[PDB]
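In the text below, chain A, chain B and the rest are named by the order of the sequence lines, each starting its count at 1. Heavy atoms only: backbone and side chains are in, while hydrogens, waters and symmetry mates are out.
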Amino acid sequence: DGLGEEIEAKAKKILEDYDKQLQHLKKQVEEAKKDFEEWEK
Amino acid sequence: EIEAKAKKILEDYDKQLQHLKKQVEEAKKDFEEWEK
C-alpha cells in the first residue's frame, strides 16, 4: 500500500488550510486594534 | 474607568494575537513532522 504518501499529502493539506484560516484571522485582529486606535482618536 | 477600558481592549487583542501566532507555530511543527 502506497497510501502512506497520500495520507501524508492530505495531512499536509489540512495543516495548510488550517494555517490559512489563522493567518487571515490574525490579519483581522491586527486590523481590529488599528481601527480601535483610530476610533479612540 | 473609561480610559482603563481602552487599555484592556488593546491587551485582549494582544492576548488573541499571541495565541494565534502560537497556533501557527504549532501548525508549523506538525507540518515539518509530516515531512518526516
Quick one, A:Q28 and B:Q16 - any side-chain contact, counting heavy atoms below 4.5 Å? no
Shared hydrophobic cluster, A:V29 / B:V24 (ILVMFWY, side-chain heavy atoms < 4.5 Å): yes
Is any NZ, NE, NH1 or NH2 atom of the basic residue among A:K33 and B:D14 found under 4.0 Å from an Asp or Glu carboxylate oxygen of the other? yes
Between B:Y13 and A:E30, do the side chains contain an N or O donor and an N or O acceptor separated by less than 3.5 Å? no
Can you measure from CG (B:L10) to CD (A:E37) and round to the nearest 0.5 angstrom? 6.0 Å
I'd like to know whether CD of B:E11 has more than 12 heavy-atom contacts from other residues, nucleotides or ligands below 6.0 angstrom. yes
What heavy-atom pair brings B:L20 and A:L22 nearest, and what distance separates the two atoms? CD2-CD2, 3.8 Å
Atom group of A:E8 that falls short of 4.5 Å from chain B, counting heavy atoms: both
Closest approach of B:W34 to A:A11 (non-hydrogen atoms, all atoms of both residues): CE2-CB, 3.2 Å
Check whether B:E26 gets within reach of chain A through its side chain, its backbone, both or neither, counting any heavy atom under 4.5 Å. neither
Quick check for you: to the nearest 0.5 Å, what is the distance between A:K12 atom NZ and B:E35 atom CD? 5.5 Å
